Amino acid sequence: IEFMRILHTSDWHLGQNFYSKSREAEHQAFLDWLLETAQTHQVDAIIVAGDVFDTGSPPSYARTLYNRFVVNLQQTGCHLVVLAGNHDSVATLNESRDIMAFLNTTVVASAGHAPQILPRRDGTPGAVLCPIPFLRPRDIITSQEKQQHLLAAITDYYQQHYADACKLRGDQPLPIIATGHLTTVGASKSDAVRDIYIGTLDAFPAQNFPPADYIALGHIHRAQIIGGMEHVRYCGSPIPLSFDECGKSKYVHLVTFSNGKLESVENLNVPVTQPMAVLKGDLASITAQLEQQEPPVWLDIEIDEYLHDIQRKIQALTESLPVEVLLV
């Protein structure tokens, strides 16, 4: 009878320079869809599980996309939780932390944020959130085996915060939601996923996560269930961030809680607004491949031996065609 609904997204990488192309149009369309989606499902909170911006110094149009979304989301009463990823600068996201608080937005850029009650739209307690962004080792390494140390440090961090979440919840029938931004053991990764904790943690075993009712992760671009646990998920990126991910579905997760427990996780397809394609073969295999649309499809030609000559060759075969070649 008491519901709480959140949307789980991550890895926006606003401002990404994609082979000289801007993703602004795609991100604008996505953010507009995310807005209508929040209204359609009467979502209580949207959680963005890290990598909001592609770098620590996003271009003005990306900062504008982000600000305008937060503003437009006000017409819904939906709360917004923005967590830093490894691509984000902490200082950059903290620029507007306190300003965002006036707009029902919680910006969490570094480790150490206490658990907080997420209200439902009507203001009553809906869930207890442990807002955990990408954890910089410097921020969590107690007493500042290095590999074993970081694993223990992250595990312990989640344990302390889960414990505090339980205390904050008290006797209330509220679900506990934790977030995270890292790479788990067994995760399937794409090209656009950058190595993190280089030399200090190959991957995080999801069995070490505390028993929150939902764990909303970011960093990995393909939506997947982790460690066979339906409550531990990457939502993946909302638009394709690399050519190896085109053709593949993009999602945000609609996560519903009933009486303090996880009820369902639904995969909401994010409309794809910019056609991309990857071509493999040789000059004729290529030539046949690219033959017979408002935006011009972006192309990754994975095609006589000197790759320099191949480029000029393809640059000839690709001229005045409704496509656009980005990578060779």
Side-chain angles (χ1 to χ4, degrees), residues 7-19 21-35 46-70 72 80 82-96 107 109 133-134 181-183 187-196 198 217-224 234-252 269-278 295-302 324 326-328:
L7 281 171
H8 170 194
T9 185
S10 77
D11 295 281
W12 290 2
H13 291 256
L14 301 179
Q16 188 200 44
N17 186 335
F18 189 77
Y19 303 107
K21 307 303 295 192
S22 173
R23 312 305 298 269
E24 185 180 354
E26 287 156 278
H27 276 139
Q28 183 67 71
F30 163 64
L31 294 173
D32 288 343
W33 171 91
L34 185 60
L35 222 299
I46 292 172
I47 295 175
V48 188
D51 285 349
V52 177
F53 296 106
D54 191 61
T55 71
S57 292
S60 187
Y61 73 81
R63 293 173 176 271
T64 301
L65 283 175
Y66 171 79
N67 291 343
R68 161 173 47 226
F69 174 69
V70 189
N72 288 335
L80 178 60
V82 175
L83 296 129
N86 69 300
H87 280 250
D88 288 303
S89 156
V90 170
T92 293
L93 284 171
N94 278 339
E95 292 167 6
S96 56
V107 176
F134 173 67
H181 189 91
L182 40 65
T183 296
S188 63
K189 312 193 297 186
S190 319
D191 296 336
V193 181
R194 172 199 297 168
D195 285 340
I196 56 170
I198 299 174
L217 299 181
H219 186 57
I220 285 309
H221 297 167
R222 181 169 321 201
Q224 59 198 269
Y234 289 112
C235 47
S237 66
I239 78 175
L241 296 173
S242 65
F243 272 113
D244 71 354
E245 288 291 312
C246 72
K248 294 155 178 60
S249 293
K250 298 272 94 66
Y251 298 106
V252 300
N269 300 292
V270 179
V272 173
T273 60
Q274 171 61 237
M276 277 164 281
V278 167
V297 58
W298 294 349
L299 264 304
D300 172 25
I301 304 186
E302 201 96 339
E324 250 214 66
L326 314 190
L327 177 66
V328 167

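Residue numbers run from 1 in the order of the sequence given. Reckoned from all heavy atoms, side chains included, excluding hydrogens, waters and symmetry mates.
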Under 3.5 Å, which donor-acceptor pairs link side chains of residues 236-246 to any protein atom two or more places apart or in another chain?
from   : atom 1 : to     : atom 2 : distance (Å)
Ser237 : OG     : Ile239 : O      : 2.8
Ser242 : OG     : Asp244 : OD1    : 2.3
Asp244 : OD2    : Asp191 : N      : 2.8
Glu245 : OE2    : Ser190 : OG     : 2.6
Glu245 : OE2    : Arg222 : NE     : 3.2
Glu245 : OE2    : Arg222 : NH2    : 2.4

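Legend: residues meeting side-chain contact (heavy atoms from CB on, under 4.5 Å) with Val90, ordered by chain and number and at least two apart, are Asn94, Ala109, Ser110, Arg136. The side chain to side chain donor-acceptor pair (under 3.5 Å) check on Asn67 picks up nothing, with sequence neighbours excluded. Listed by chain and number, the residues in a ring-ring contact (aromatic ring centres under 6.0 Å, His included) with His27 amount to none (sequence neighbours excluded). With sequence neighbours excluded, no residue forms a side chain to side chain donor-acceptor pair (under 3.5 Å) with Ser60. Partners of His87 according to the ring-ring contact (aromatic ring centres under 6.0 Å, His included) rule, which considers only residues two or more places apart in sequence or in another chain, are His13. Applying the side chain to side chain donor-acceptor pair (under 3.5 Å) test to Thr64 and every residue at least two apart in sequence or in another chain returns nothing. The salt bridge (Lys or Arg N to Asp or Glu O under 4.0 Å) check on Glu26 picks up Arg23, with sequence neighbours excluded. A search for salt bridge (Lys or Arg N to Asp or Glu O under 4.0 Å) contacts involving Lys189 returns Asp195, not counting sequence neighbours. Considering only residues two or more places apart in sequence or on other chains, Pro59 meets the side-chain contact (heavy atoms from CB on, under 4.5 Å) condition with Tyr61, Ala62. Taking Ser96 as the reference, nothing meets the side chain to side chain donor-acceptor pair (under 3.5 Å) condition, with sequence neighbours excluded.
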I would like to know whether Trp12 and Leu31 meet side-chain contact (heavy atoms from CB on, under 4.5 Å); could you show each step before the answer? CA-CA 10 Å; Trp12 290 2; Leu31 294 173; 3.7 Å; yes
Steps toward side-chain contact (heavy atoms from CB on, under 4.5 Å) verdict (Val252, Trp33): CA-CA 11 Å; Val252 300; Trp33 171 91; 3.6 Å; yes
Taking it one step at a time, do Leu14 and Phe69 satisfy side-chain contact (heavy atoms from CB on, under 4.5 Å)? CA-CA 12 Å; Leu14 301 179; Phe69 174 69; over 6 Å; no
Worked check of side-chain contact (heavy atoms from CB on, under 4.5 Å) between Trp298 and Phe18: CA-CA 10 Å; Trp298 294 349; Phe18 189 77; 3.9 Å; yes
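Of all non-hydrogen atoms in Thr273 and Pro275, the two that sit nearest each other are O-CD, 3.7 Å. Closest approach of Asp11 to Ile220, counting heavy atoms only: OD2-O, 3.7 Å. For the residue pair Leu182 and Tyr234, the shortest heavy atom distance occurs at O-OH, 2.6 Å. When every heavy atom of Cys235 is checked against every heavy atom of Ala223, the shortest pair comes out as O-CB, 3.3 Å. Contact between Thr92 and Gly56 at its shortest, heavy atoms only, is OG1-O, 2.5 Å. Among all heavy-atom pairs drawn from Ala187 and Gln224, the shortest one is CA-OE1, 3.4 Å.
Here the side chain of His219 pairs a donor or acceptor atom with the backbone of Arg194 at under 3.5 angstrom. Judged by distance alone, the side chain of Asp51 and the main-chain N or O of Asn86 form a donor-acceptor pair under 3.5 Å.
Listed by first and then second residue, the salt bridge (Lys or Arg N to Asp or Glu O under 4.0 Å) pairs that reach into residues 58-69 are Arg63-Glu95, sequence neighbours excluded.
In this structure the side chain of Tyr66 reaches within 4.5 angstrom of the side chain of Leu93, judged on heavy atoms. Contact check for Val82 versus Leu80: side-chain heavy atoms found under the 4.5 Å cut-off. Within the 4.5 Å cutoff, the side chain of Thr9 has heavy atoms near those of the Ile46 side chain. Considering only heavy atoms from C-beta on, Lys21 comes within 4.5 Å of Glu324 through its side chain.
Separating the NE2 atom in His181 from the CD1 atom in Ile196 is a distance of 6.5 Å, to the nearest 0.5 Å.
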